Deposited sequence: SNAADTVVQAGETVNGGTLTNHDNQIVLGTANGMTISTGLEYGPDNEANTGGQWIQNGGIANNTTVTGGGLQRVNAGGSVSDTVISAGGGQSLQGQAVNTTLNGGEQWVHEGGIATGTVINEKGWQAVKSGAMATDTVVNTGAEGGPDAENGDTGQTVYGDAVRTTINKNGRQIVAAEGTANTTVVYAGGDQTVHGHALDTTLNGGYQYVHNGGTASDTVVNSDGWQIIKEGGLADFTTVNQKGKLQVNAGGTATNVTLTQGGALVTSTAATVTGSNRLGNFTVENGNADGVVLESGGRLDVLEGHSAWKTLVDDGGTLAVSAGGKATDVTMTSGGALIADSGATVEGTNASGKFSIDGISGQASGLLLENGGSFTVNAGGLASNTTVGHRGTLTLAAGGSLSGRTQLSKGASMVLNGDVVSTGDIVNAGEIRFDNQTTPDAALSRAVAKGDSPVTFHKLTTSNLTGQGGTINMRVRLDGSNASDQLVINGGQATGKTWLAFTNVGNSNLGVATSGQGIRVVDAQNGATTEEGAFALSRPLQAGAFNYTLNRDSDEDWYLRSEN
């Protein structure tokens, strides 16, 4: 009928048209399709199923427009709630599936086993508790998307939450999440307190004024401490990542072997790593270890001491920053420019960058490492390996042995003079970041490397140039030319042609020192590469 009295059970039935069911006994298998037609929090709403103290409902279905209300001492199990349906909970609910529906847990209510799908929403108010929730919605679009009132919003207490792909738990400023696992594609944003989070691929964002305690960051998990956030007792395991932004704090960190730290000297990070204790405080970094994935930014006016950059780690030093007693393990990335001050050891030996004098010596740039030589600066005895980049601004200089392995890059942004030997297995390129430039070197040892040069075939006989100053060009160097003129305009060369390699002051070049890596053509002309008796190399027209 309309009232289910104590000690009485009722089976089946559908509520429509603002009809009411007041449950004092047990109501099994009801379908609730009325009571929410004017949306949540509307006086005009009427009807629904209302579980009283000592009442029970089992296997209730709450369709669009349906309202289930559960008073204190009322109890429901095995509910499912569609889009446009809702359950208001001060009693206890066990196993509620929200397929678009909403569950409001009021002060004193306990929601256990709620499954949040398809842009449903569990709202855990102050004084309320959620337990064993499964979140499958709310993070759609990714961490920078905002889906509002979807997923789980925690103003009270959330316990033993599972955040799956596309799931989002928002811990409001007064809320508390006490045991949480986050999988890949899910995230937990913390304005309040997060306790015992495990990030098994998932992300945790600690916002300003939020705190996270005893976070375990496993493979592919990402804990981000934003400005004014606090992490305490984070453990970063293999392939996990702790990032502490400027003005963020993380204390009692434990970085295992393989656990990345991503921070700067503007942040506060204290803990231990594979070598012992470390600190990042007051613009100073002591003892930092950068695992595979890790990065330490030493900002201008800041300093780091006793840093180990291990395979896959990154030390980045701004102009005016200082990093001493640096150990670059093979594979470690060093990012700096002539303005920085760095000293330590890498795989090939001792290295240093003097920011005042503008001189670098013994650099090893690999695996994302990179160095820029500014005007009036010098890089001496640089080794550029796989995924390393050496960039020279106009007015920057090279000396000693500049060695480019395969997969290495040197970018020349103006005229550049090497007072030593360039040993090139990699790619050298002339660039502007059209005015041609000169690469002058004392000796060039070609090991199958390539030099990317520009040329204009429109009659101006202009191109980039290589100058051998008194030594020799030996081995094998490929020259890759790009016509930066019109592609159908070819003007014949004159005399010896366009001098692309100039041997001067007695320099020689071996007979096979250079060869075009691909044809060079414009208009009616093919342009061949030719060595002449003056040891110089020329582009000349034919056809």
Check: deposited residues absent from the model (no CA) fall at 1-4, 438-454
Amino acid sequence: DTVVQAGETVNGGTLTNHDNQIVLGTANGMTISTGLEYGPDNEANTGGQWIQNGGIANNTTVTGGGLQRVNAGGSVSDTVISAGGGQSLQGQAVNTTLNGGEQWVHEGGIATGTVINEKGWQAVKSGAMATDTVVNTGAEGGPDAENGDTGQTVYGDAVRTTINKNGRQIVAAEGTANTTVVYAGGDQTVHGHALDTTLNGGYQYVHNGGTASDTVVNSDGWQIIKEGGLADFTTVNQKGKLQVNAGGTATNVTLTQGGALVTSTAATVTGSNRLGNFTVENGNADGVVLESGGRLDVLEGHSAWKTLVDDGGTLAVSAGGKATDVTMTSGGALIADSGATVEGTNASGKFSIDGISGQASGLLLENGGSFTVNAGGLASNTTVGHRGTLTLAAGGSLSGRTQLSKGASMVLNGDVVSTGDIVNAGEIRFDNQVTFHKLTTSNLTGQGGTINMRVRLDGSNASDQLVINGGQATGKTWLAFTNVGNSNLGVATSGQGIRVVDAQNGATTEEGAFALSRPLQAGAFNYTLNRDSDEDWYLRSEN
From here on, numbers count along this sequence of modelled residues.
Segment of higher mean CA temperature factor, 365-373 or 85-93: 85-93
Average Cα temperature factor in the PDB entry - higher stretch of 1-9, 533-541: 1-9
Consider only the C-alpha atoms of the modelled residues in this chain, order them by B-factor as the entry records it, and name the third containing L275: lowest, middle or highest. highest
Splitting the chain's C-alpha B-factors into thirds, which one does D187 fall into? middle
Lowest, middle or highest third - CA B-factor, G142: highest
Ordered by C-alpha B-factor within the chain, which third holds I225? Give me lowest, middle or highest, please. lowest
State the tercile, meaning the lowest, middle or highest third, of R387 with respect to the CA B-factors recorded for its chain. middle
